[PDB]
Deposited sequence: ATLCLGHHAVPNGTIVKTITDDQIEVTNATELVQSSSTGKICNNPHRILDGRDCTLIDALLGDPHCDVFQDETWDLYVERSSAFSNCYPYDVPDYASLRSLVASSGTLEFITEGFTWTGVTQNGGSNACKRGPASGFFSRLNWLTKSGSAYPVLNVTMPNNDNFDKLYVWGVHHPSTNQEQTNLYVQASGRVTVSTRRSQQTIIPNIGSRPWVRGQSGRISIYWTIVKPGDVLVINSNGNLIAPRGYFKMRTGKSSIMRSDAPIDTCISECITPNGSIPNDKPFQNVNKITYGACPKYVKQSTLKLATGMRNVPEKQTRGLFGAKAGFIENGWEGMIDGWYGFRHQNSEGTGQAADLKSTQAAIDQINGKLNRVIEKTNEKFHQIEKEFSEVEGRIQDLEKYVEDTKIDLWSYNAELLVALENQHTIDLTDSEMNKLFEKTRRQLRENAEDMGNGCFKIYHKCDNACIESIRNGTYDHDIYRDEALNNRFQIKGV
């Protein structure tokens, strides 16, 4: 009787990469890179707000068309490319800094305080900020204008008796001409200083003709101040002051900001990308570098295959005539569909096949355990896409992001190659250990035919095949007959 050990093989296989071979076929493999997105943004479990032609700064200041974003909280603010401003022209010296501050705070909660401005006309406005049929201004700003024919030096103070930081947003008005400055603030040259016990900001307005925007050639420079507990805000203005009407409550959380034109749909997703929500089962993705939530690491590689199965050596009619084929050394057994390793026997009662459950299960558990190892939560990061050209800082962030991407791509490639090579050995060594166990069991009653088969030199019925397979094989009841048939011609 002859008993051959073998492994399975499937018709089609997956070409993966290891340390040595750049193209090695395996039975099964899984993709480790998520390169597809649903194209839509889910509203669960993260609280997501939609811009709808409203920027974060525009909503903060109180644009009339932004009047729906009052006292609104969010976990991710989505800006749309259709956003526009419809109020008095303005600029923020550090726009990105203020946007990041408001995005990280996560709450547009405005609390009004009793600011007293004596000798000036409050609630100014302009035709560039029409709030309905009349002329208006930002809801969270107060345009102080001369009352009568005098603009006194405004010296106001207000402390922090609470236990949370306050964010005061104010502005300095740059008029178009000297006549406008005299007609609005009396004084020829203005000045606005806003100070705390540890910091101060002093701004001198500048008169000049800026490009026509919505009817006004002047500008408003927006500044912000943070008041800590135990501190006091003092505002001293000779003129050209766009005073604050209150404060924004600051908070420390996981809130962030994102620029995307993708729609929002009712679904659940833990990872948010501007191209849309992506599944987070895979450890790597190739959709976008800008991610929110528990997201896979962005890599440059489009595909990365991890070998879940063993080597694939199919039957290609290379050798073996009239069905005569044998062993795991020559090729793999495509007809084994109930195990990874198995036995084929040809006794006097016929032929048969069986599967070795222990080795197959051990290999499967090892591969599954290495799969679990292969498969972070970043909320607020640096900006990755820039519309304007600034200089040093922009190149610094670009360098940081490029270095991170390159390092993580190299790590992913090395990990995939190492695990694929280890899986090959894992399975091969398992087949060799099955061979060694069978050889050590068939103690002197069998001969190795060199093709992965044992030639048994004694009569071996189906019960004896089962005894060899299951481990309950007694070699002392066949030694005499095996010796006679083996060493005596």
{"item": "Ranges missing from the model, given as deposited sequence positions", "value": "376-378, 493-495"}
